Each structure stands twice: as C-alpha cells, then as structure tokens.
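Here are two versions of the same chain, shown separately as structure tokens and labelled structure 1 and structure 2.
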Structure 1
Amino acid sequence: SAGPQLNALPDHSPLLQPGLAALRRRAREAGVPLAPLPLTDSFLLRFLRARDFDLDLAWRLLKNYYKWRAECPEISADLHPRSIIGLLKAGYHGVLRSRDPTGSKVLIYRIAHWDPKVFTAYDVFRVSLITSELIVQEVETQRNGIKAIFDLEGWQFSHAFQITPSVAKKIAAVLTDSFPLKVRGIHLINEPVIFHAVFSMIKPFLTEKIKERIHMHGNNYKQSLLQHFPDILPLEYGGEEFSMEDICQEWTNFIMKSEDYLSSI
C-alpha cells in the first residue's frame, strides 16, 4: 500500500525520486523517442501515479502510450484544436467544474452533437485525447481518476457505421492500458436497449479494468445518475446551477487557451 501513499505526495517530494529514476532509466534503455515530449518529472509522474508506483506496470503503460500514439496518427498526429473546434462549438463535449464524491474529474459526451457527415470517429477521438492531455496535468485527477458520461440520445446508424473493429480496438486501448488516466467509471444514458442486451451477455468476459465500472442507465437515468454524481450535474441531467451549454463553452474556452501547449505535442 506504499503506492497510493506515494501518489498522495506533491510532485516535488524527494520520495518520488526513486520511482522517477527507475522509470526514466527503463525509458532511456528501450530507446523512448526524443520527439517533442520531454521526460520531465511531471510527465513521468503521470505514469507512476496511474499505476500506483508499480514500476513494471508504469513502464508497460508508458510503452503502450507511445505505441498507441504511433498506431493512431489520424488521432494523435496533430493535437491543435483547430481541427475539432466545430465539434466543441456544436456542444459535443464538456468537463464538469466540480469533482465527484471520490474526487474524480467528470467528462460528458453528447452523441447528438456529433454530425458524422462532418466529423469522423477519429476527429471525435481527437477531442477525448485533447481533453485527456489537459486534465492529466492536475495531480488530483492523477490520484482520483476520471468518470465519463456518454449521452447517446440521437445515436444513429451513421454513428455506429464509424465504429469499425479498428476504432473499437483503439477505444478499448485508451480505456485499459494505453493512457495515464484511471477510468473509474463509464456511464451510458439514453442508450438503445440493444446495449443492455449485449452487455448482459459479454460482461462476464470483459477485462477487470472495465468489467465492474460500466453502468448503463437507459432512458430512465435521472435518479441513478444522481446517486453517482450528486450536486455537480448540469440542469439537463438533473443538476441545479449551469446548463450543458455553459459547460461546453467553458471547456471550449479552456482548450483554446491551451492551444500552444496542445500543439507542442
């Protein structure tokens, strides 16, 4: 249980240096790229915290992160938000202002606001990557992980058509062992009945990384979603203070302010 205690330290604690040294030596040895991603303490700590300072797992995650980036150029080859600013303006995606009861950052995606005649699955994936790279900078998010809510109202066949076996593989990767964020929960709301039926059959065979972390609320989601996310949801989902539009505009603004950092990858 040393791991979670190391996670709880600030980045400048000398106690994190043994793990950082051990990981940086493994990275260097396997010939990790020099390409505009510096192996700073703060960067490397993301991987250590994601795997509670288990060095072998932090290293495997780091390698898989590099592998995933190399394997998905149409997502990862340019992180400047200029390519997806329409999706953001359309209201596809926002991050809640407040954390949930266990301190997780909460992400919301709205499928009705993705026009598949305009944006590909890879554009939409680029949105998640951008957000991920931003939120991972907060040490509390590294410690407490994330939850994502997918509002599937208006899910159409044109959306489903974009999820090929290749896209499915890339989705599983980022949820499991290819990005330095702990996915503590995946919530679907307003999703078609077919999701439940499939899930009831495949659930027992899923990786334990996600198996017990998937919650499908269906159309009657208000009460159940509220139990997981009290006092932090937008008006549209049963919250009290701000609209989803406010959240989307606030997150969009933050992305644009970070445009040079995003490019610098």
Structure 2
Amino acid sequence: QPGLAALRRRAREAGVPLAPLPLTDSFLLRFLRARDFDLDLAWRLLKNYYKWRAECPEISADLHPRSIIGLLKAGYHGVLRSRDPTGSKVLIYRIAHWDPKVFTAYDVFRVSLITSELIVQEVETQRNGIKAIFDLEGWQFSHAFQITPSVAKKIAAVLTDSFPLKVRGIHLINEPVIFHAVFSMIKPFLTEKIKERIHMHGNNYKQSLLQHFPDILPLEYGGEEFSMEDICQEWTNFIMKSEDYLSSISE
C-alpha cells in the first residue's frame, strides 16, 4: 500500500471533487494497482478518470442500470464465470444484439462503464486486468453511423489511460470489411502498447480464440458447457442486484 497517503494528499490538494466518490483506500488502490504502484502514473490516471467523467456526463452520470436493461435483455453482453489462464476477467460483447434504432452508442458505452465499475472492485481483476471479446458479426452501417470521431476518441481513452483497469487483450472476431474504416478512426489515438494487444481474428477465429481462452468459452465460440444466453442472463441479474451500488456512484 505504498503511495496511498501521497496519492490522497495530491488529490485533496488539487481540489479533486469529493463528488459521489470518497477517496477511500479501496478506491485509490484501484489506481495504484492499475499502474503497478507507480505514484506519478497512478495520479495521471486518477486525474484522467475525473476528466473523462466530467467530459461525458452522457455516459458517466447515470450508471443506473435501468436505461440499458433492454440491451442486457437483448443479449448484448455477459462476463465469463472463469478467468483466463493469467487471471484476467473476460468480457463478451455481441454487436448483433445491439439494435442501433433503439440504443445509442452512448447507451452501449454505458454498459461497459457499468460492468467496468463493478469488476474493478475485485482485487484479482485489478492485479490481472481484463480481456474483452467483441463479436462483430452483423455489424451494419447503422452501427457505424453512431461511431463518430468523438466516440472513437473516447473509446481510445478508456482503453489507454482514463479508467483504472488494465486492458490485457482485445479480441475482435467476425470482423467485416466495412468495419475497417471504423477501427481506423480509433487507431490514431491508441498507444503502441494497446495496439499490440488488439487481435483481429476475422471470420475464421475459432482456433486462435480457443488458444487464448481454453475451457472457458460459451458453446457459441467453441466451449463445451454453457451458452451465451446463460452468461448474459447471469450478468444481467448481477447488474440489476447492483442497482444501489451503481446509484451510490451515479451523478
């Protein structure tokens, strides 16, 4: 717990908001753990985290799950029960289950923020990071319409230095040709570190995906035990149960 007192001292004297977030030990330790207890880097991440929140009320003010319960019910998102071989939490997102006539890109971004605020409370996740699998099957121009240059920049920011989770891997599967232009909007804002941790698997993804996530994937992606629907429903239930933690850190 080195740097804790120092980190809290800098924050209080920079006039960081006492906000809806008390500078508890557990809160500040998210930032220290994300940056391997490098005080200067944890402080930069902390400042960026508040800056990111202040810039995007739309995504960050209401972490109440009621707005995006529809998206969860549609099967957009679940979190695997087991960790990967190095202890990362593994998140799955399915574009085909995002109706862009119904949910905005900000609503969809809010889903990741909500999940991220919940899983960051796990010390094992703070230490070993996360991997996210994005199944891009069914991506439409109507999805891309909603990814503006501002949205692309905000995506880059949470992947790099604006949220206290280590992104240890991003796996894009079933990526169509028309997606390449969307990614090229995000690319210029990414560090070389993160760029090297993005995997573009294509439409023949199974072998490589199984290599990275042995024995823990849903049936849909070559695993053997549970379905995506099971995992979606379980994460949905957990998020609904979390309504009051999420309310405590809203607005």
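Basically, rigid core = biggest C-alpha set you can superpose within 1.5 Å across the two forms. Numbering runs along the sequence of structure 1, starting at 1. Residues that one form lacks are left out of the comparison.
- Among the residues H215, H196, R26, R60, the single one whose Cα moves by at least 2 Å between structures 1 and 2, once the core is superposed, is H196.
- After superposition on the rigid core, the Cα atom of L206 is displaced by 2 Å or more between structures 1 and 2.
- Core superposition gives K182 a CA displacement of 0.2 Å between structures 1 and 2.
- Here is what shifts between structures 1 and 2 when you lay the two on the core: just one run of at least 3 residues, every Cα off by 2 Å or more, at 193-206.
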